[PDB]
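Trainee: show me how the following folds:
(chains A, B, C, D and E)
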Amino acid sequence: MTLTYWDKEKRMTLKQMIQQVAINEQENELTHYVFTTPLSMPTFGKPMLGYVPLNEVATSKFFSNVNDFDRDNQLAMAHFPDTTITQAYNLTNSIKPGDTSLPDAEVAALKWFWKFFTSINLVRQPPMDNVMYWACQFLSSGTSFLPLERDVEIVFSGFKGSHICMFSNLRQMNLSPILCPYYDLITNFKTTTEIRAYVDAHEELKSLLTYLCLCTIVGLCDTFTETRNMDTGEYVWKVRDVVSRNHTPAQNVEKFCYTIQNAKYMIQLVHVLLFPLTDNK
Amino acid sequence: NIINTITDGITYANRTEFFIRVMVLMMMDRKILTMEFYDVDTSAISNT
Amino acid sequence: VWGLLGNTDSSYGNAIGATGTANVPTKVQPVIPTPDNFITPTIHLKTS
Amino acid sequence: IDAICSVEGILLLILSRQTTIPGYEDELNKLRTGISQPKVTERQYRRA
Amino acid sequence: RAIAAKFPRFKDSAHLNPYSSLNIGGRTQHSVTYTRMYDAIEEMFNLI
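Mentor: Numbering: from 1, shown residues only, chains lettered A, B, ... in the order given. For reference, the structure is listed below:
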């Protein structure tokens, strides 16, 4: 229902989340970092009006490392609180064919989120070691957010190995009418306790953002190796010591040749979607 | 003759250089498709 | 050895077109002699 | 200079078995099954 | 091969074929002598 993770063979994202292993190692990095208000830094006086999509070509254009065509302010129609959204999640300022808009709370949440995503290379985002720390923190300890006290390695086994196709069936995946109620909870001033209860309960978005933080770290790490078990079509690929040996994005053109500004996009992403779990400002 | 080979036949090297040529073609060949259209009826047509 | 390593044209190279001049290859296999042409000299030597 | 660099790259792709691209890695073991490394050397490289 | 042709030589005779082969099952391997000579040259130039 989220998306059938494709490999030439279907999936349900749940097999593909219980498919991996996150196993820890030595050298306790007693280096507990701290979160930060995610620096929305929105501004420009030149928008793109009209029907801007907000679900699928949106997420693909933004996080699939597709063409780096300057990908600019086009989301600037996230200020101006009087815009509207049409159920296909087209953000507009003029609903043409008598088509209907969403209720309010939904609109508030969605605009909040993309507003956070507006203008990157003017955003002053924090260095990446810390965001790797938070990501592994979440996907290791769970929603409790205890510091790591160790270091972690990730390993995948048996895929008809196509981590490029992992990034792809990401490119084909919708998220807005999945994470809407979550940011809705964060809009009307609930609290960490109840939203943790929420994320524990619903568990549809839990698997999703697990996968998402996972993909961003495997796309931005450089201690990565892959292998094919040459008796079957099955790749095992590992990423070792994720948080200690990584300080900048990657360019090894053997794993996922990742550009820059889309990388700062991705770190803004994980920042702004792990934000509401944690403690005060 | 892009890949010398010790044989007089139609060996694999044929397939290989064939790959090379079409690959370097597709490296080039930046084209844009443009075209006009007719306009026909739709009620007097069997297929939908 | 210096002279050899420098100005050698090996019948092997230009066979697969590895050290030919202005063309490559010739695709003809390096010949090693035939059991004829040596029975007679060998027996000639032993009888001597 | 980008043109000469791309030329050198694409040529580097079909030789030098010790390099892949992030993905397929198998149709390469379909393509380069014609070169028969390591019989390839300069004379051949320049022709390519 | 000789000793079965009633040619003359002592018992348990041998030789030192100074080089290896290339065709082991059809693979055309890396011609060990080249690796030998190459590391020789490289070491010697490091020394000079």
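Trainee: C-alpha only now, for contacts and for neighbours.
Mentor: Fine.
Trainee: residues of chain C that sit close to chain D?
Mentor: When proximity is defined as C-alpha under 8 Å from any C-alpha of the partner chain, chain C approaches chain D at C:17-20.
Trainee: if we go to 7 Å?
Mentor: Within chain C, the positions adjacent to chain D are C:18-19 by C-alpha under 7 Å from any C-alpha of the partner chain.
Trainee: next one: chain B
Mentor: B:2-3, B:12-13, B:16.
Trainee: residue A:248 and chain B, how far apart?
Mentor: 31 Å (C-alpha to the nearest C-alpha, to the nearest Å).
Trainee: look up how far chain D lies from the closest residue in space to that residue that isn't next to it in sequence.
Mentor: Of all residues not flanking residue A:248 in the chain, residue A:128 sits nearest, at 7.0 Å (C-alpha to C-alpha, 6 or more residues apart in numbering or on different chains). According to C-alpha to the nearest C-alpha, residue A:128 stands 24 Å off from chain D.
Trainee: can you give me the neighbour number for residue A:128?
Mentor: Residue A:128: 18 surrounding residues under other C-alpha atoms under 10 Å in any protein chain shown.
Trainee: equivalent analysis for residue A:252, please.
Mentor: Residue A:252 - counted by other C-alpha under 10 Å - has 13 other residues nearby.
Trainee: likewise residue A:34?
Mentor: 12.
Trainee: how many neighbouring residues does residue A:109 have?
Mentor: 21.
Trainee: for chain C, see how far away it is.
Mentor: Counting by C-alpha to the nearest C-alpha - residue A:109 and chain C are separated by 69 Å.
Trainee: now for the host helix or strand of that residue, which elements pack on it?
Mentor: Residue A:109 is part of helix A:104-117, with elements assigned from DSSP states H and E. When contacts are defined as 3 or more C-alpha pairs under 7 Å, 6 or more residues apart in numbering or on different chains; DSSP states H and E, helix A:104-117 sits against helix A:176-187.
Trainee: hmm, back to that, out of the residues of chain B next to chain D, who's the most crowded?
Mentor: Busiest of those [other C-alpha under 10 Å] is residue B:13, holding 21 neighbours.
Trainee: all helices for chain B, in order.
Mentor: With DSSP state H as the criterion, chain B has helices at B:13-27.
Trainee: so which residue is dead centre in it?
Mentor: Nearest residue to the geometric centre of chain B (C-alpha atoms, centre = their mean): residue B:22, 7.7 Å.
Trainee: contact residues of chain D facing chain C?
Mentor: Checking chain D against chain C by C-alpha under 7 Å from any C-alpha, the hits are D:41, D:43-44.
Trainee: ok so, going back, what's the farthest-apart pair in the residues of chain B next to chain D?
Mentor: Spatial extent of those (C-alpha to C-alpha) is set by the pair B:2 and B:12 at 12.6 Å.
Trainee: picking up where we left off before, need the residues of chain B next to chain D in CSV with distance to residue D:26, can you?
Mentor: Shown next, in CSV, are these (distance: C-alpha to C-alpha, whole Å):
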residue, distance to residue D:26
B:2, 22
B:3, 21
B:12, 17
B:13, 18
B:16, 15
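Trainee: and whichever residue of chain E sits closest to chain B, how far from residue C:27?
Mentor: Of the residues in chain E, the one nearest chain B is residue E:28, at a distance of 13.1 Å by C-alpha to the nearest C-alpha. Noted for residue E:28: a distance of 17 Å to residue C:27, by C-alpha to C-alpha, to the nearest Å.
Trainee: how many neighbours does residue 9 have?
Mentor: Chain wasn't specified; assuming chain A. Neighbours of residue A:9 (other C-alpha under 10 Å): 9.
Trainee: I was thinking of chain E, sorry if that wasn't clear
Mentor: 9.
Trainee: where does it fall, helix, sheet strand or coil?
Mentor: Assigned by DSSP: H, G, I helix; E, B strand; the rest coil, the conformation of residue E:9 is coil.
Trainee: quick one: the closest residue in space to it that isn't next to it in sequence and residue D:17, what's the gap?
Mentor: Leaving aside its sequence neighbours, residue E:9 sits nearest to residue E:3 (C-alpha to C-alpha, 6+ apart; 7.3 Å). Computed as C-alpha to C-alpha, the residue E:3 to residue D:17 distance reads 45 Å.
Trainee: distance from the helix or strand encompassing residue A:269 to the middle of the chain?
Mentor: In the assignment (DSSP H and E), residue A:269 maps to helix A:261-274. Centroid separation between helix A:261-274 and its chain, computed with C-alpha atoms, centre = their mean, to the nearest Å, is 7 Å.
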